[PDB]
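Structural overview
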Amino acid sequence: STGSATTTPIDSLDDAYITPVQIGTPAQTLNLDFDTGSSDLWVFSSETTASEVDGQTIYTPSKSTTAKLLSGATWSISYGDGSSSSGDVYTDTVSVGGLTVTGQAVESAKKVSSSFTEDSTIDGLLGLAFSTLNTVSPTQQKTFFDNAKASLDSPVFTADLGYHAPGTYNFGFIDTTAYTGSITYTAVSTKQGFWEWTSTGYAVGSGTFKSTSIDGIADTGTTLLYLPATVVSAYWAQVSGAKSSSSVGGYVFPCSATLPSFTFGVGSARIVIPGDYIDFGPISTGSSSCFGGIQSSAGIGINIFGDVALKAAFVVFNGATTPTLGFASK
């Protein structure tokens, strides 16, 4: 089997992407944030504290003939941005882009933090990291991909995120029309539960490439590119007036700037992030200070190849017995 679903930016900045997901019988379609940096499929639901729901579409398990309480199971998750959610668990039929999994753990939120409430466009998350990170207790649950894997034509999914435009998540096949040139594959460590890999270096604009190993994670659920402070300083030094602002929470730059590109290495291959991808617009409405899309990972504890990086590439998440990651230009 295979699946193919379009993923759509939630706003004009590509802050996140939503993908429609069918849950239950008859189908309830919710728009979920596919997150290769976590491993829980959770939804706003009929159980979510009413004051914490503001415009989201909810899953109502009592209206699904295939829903079953997973008795005694609870979940609770905290994300890198400080947001969180928790609740109980149902199993139900879940379909993405025509690919169906029966008996998927659907984690029903009883509570969500303010950031989730305030974002009316995201109805929940669909985790695509390794199932070892799943938070369900006392019986850890598998991701949608892990459950689907055996049925897939090939044990892979791909992320093809758009810049200010829709893109695609495919399951079970590689669309050879969706990228240019060849795909370069690189080793993955699953030791921390992430799609963790080592970039071979970087360049700023038309500058020379610096060969240096940068360990980080491919994380579709993180908006920006977070890299070591040395790398980030080298990038922003090429933008007149750019500076790190503790009050704003990162590097800002004059909105009048033209940003240089940023290149990262994948083996001997190179992925170029155009300068425009690094512009996250005014820090507050009408400001002439703009927020940068490359930020320091210092104090996160890990480097993160988030959407800014991934949307410059066609990315293969190869879930074979020895997982790997592939990157192609597009």
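**Quick word on the nonpolar core**
Ranked by internal contacts, the top residues of the largest apolar core, which has 73 residues, are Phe 171, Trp 236, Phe 262, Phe 264, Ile 273 and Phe 327. In terms of residues, this core owes the most to one element, helix α3 (residues 229-236), which gives 4 residues. Split by domain, this core shows at least three residues from each of two domains, domain 1 (5-174) and domain 2 (175-330). Once you skip the residues sitting within four places of it in the chain, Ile 273 turns out to touch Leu 225, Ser 261, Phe 262, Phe 264, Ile 278, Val 308, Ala 309 and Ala 312. Of all hydrophobic cores here, the second largest spans 17 residues; its members include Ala 73, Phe 116, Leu 125 and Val 136.

**Quick look at the UniProt feature "active site" in the chain**
Feature annotation in UniProt places "active site" on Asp 35 and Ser 199, given in this structure's numbering. Within this annotated set, the largest pocket is lined by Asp 35. Apart from residues lying up to four places away in sequence, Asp 35 is in contact with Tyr 79, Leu 125, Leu 126, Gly 127, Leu 128, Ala 129, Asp 219, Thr 220 and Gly 221. With respect to the helices and strands, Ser 199 occurs in strand β12 (residues 196-204). Dropping the residues within four chain positions of it, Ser 199 is found in contact with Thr 212, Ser 213, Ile 214, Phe 264, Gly 265 and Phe 305. Engagement of the side chain of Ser 199 in a polar contact is seen with the backbone oxygen of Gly 201, the distance being 3.4 Å.

**Things to note about unusual backbone geometry**
Of note, the bond from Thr 25 into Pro 26 is cis; its omega dihedral lies within 30 degrees of zero at -10°. Locating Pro 26 in the fold gives a position in the loop between β2 (17-23) and β3 (28-35). Between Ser 137 and the following residue, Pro 138, the backbone shows a cis peptide bond with an omega angle of 5°. Of note in this structure, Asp 14 is not a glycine but carries a positive phi near 60°. Along the chain, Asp 14 turns up in the loop between β1 (3-9) and β2. Phi is positive for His 164, which is not a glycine, with a value near 50°. Along the polypeptide, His 164 turns up in the loop between β9 (156-160) and β10 (167-171).

**Some thoughts on the domain arrangement of the chain**
Annotation of the chain at the domain level lists domain 1 (5-174) and domain 2 (175-330). When each unit is reduced to the centre of its C-alpha atoms, the spacing between domain 1 and domain 2 is 25 Å. Residue-level contacts link 30 residues of domain 1 with 32 residues of domain 2. Where the side of domain 1 that touches domain 2 is concerned, the elements lending two or more residues are β3, β9 and β10.

**So, the sheet that holds β12**
Pairing is mixed across the open sheet formed by 7 strands, whose spatial order is β18-β17-β12-β13-β22-β14-β21. The strands lining the two open edges of the sheet, one partner per strand, are β18 (269-273) and β21 (294-296). Shown here is a sheet whose adjacent strand axes are inclined to one another by a mean of 45°, direction ignored. As judged from the 6 bridges shared by β12 and strand β13 (residues 210-218), these two strands associate in the antiparallel manner. Considered in β13, the bridge of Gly 201 is made with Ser 211. The strands that α3 touches are β12, β13, β14 (225-227), β17 (262-266) and β21; relative to β21, the one it contacts most, it runs at about 140°.

Rules used in this analysis
- A chain's residues are numbered here from 1, following its sequence as written, a convention that may not match the entry; residues for which no coordinates exist are omitted.
- Hydrogens and water are ignored here; the side-chain numbers use all heavy atoms of the structure.
- Residues with missing side-chain atoms are left out of burial classes, side-chain pairs and their counts.
- Working definition of a nonpolar core: buried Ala, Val, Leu, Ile, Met, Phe, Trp, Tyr and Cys residues. They are joined through side-chain atoms within 4.5 Å.
- When a residue's accessible area, from a 1.4 Å probe over protein chains only, is under 20% of the maximum for its type it is buried; when over 50% it is exposed; and in between it is partly exposed.
- Here a strand is any run of E in DSSP of at least two residues, a helix any run of H or I of at least four, and the numbering for each starts at the N terminus.
- The source of the domain bounds is an automatic or database domain assignment.
- For this analysis, residues touch if any pair of their heavy atoms sits within 4.5 Å.
- UniProt positions are given in the numbering used here, feature names are shortened, and annotations may be inferred rather than shown by experiment.
- Both cavities and pockets are sets of points on a 1 Å grid over the protein atoms alone; in a cavity a 1.4 Å probe fits but cannot get out, in a pocket the set is open with protein on both sides within 12 Å along at least five of seven lines, and lining residues sit with an atom within 4 Å of a point.
- In protein, a polar contact means a hydrogen-donor-capable atom and an acceptor-capable atom, both N or O and within 3.5 Å, with residues adjacent in sequence counting only if both atoms are side-chain atoms; elsewhere, any N or O pair within 3.5 Å suffices.
- For two strands to pair, DSSP has to find at least two bridges joining them.
- Between the N-to-C directions of two axes lies an angle of 0 to 180 degrees, each axis being a line fitted to C-alpha atoms and, for a helix, fitted only over the stretch in contact.

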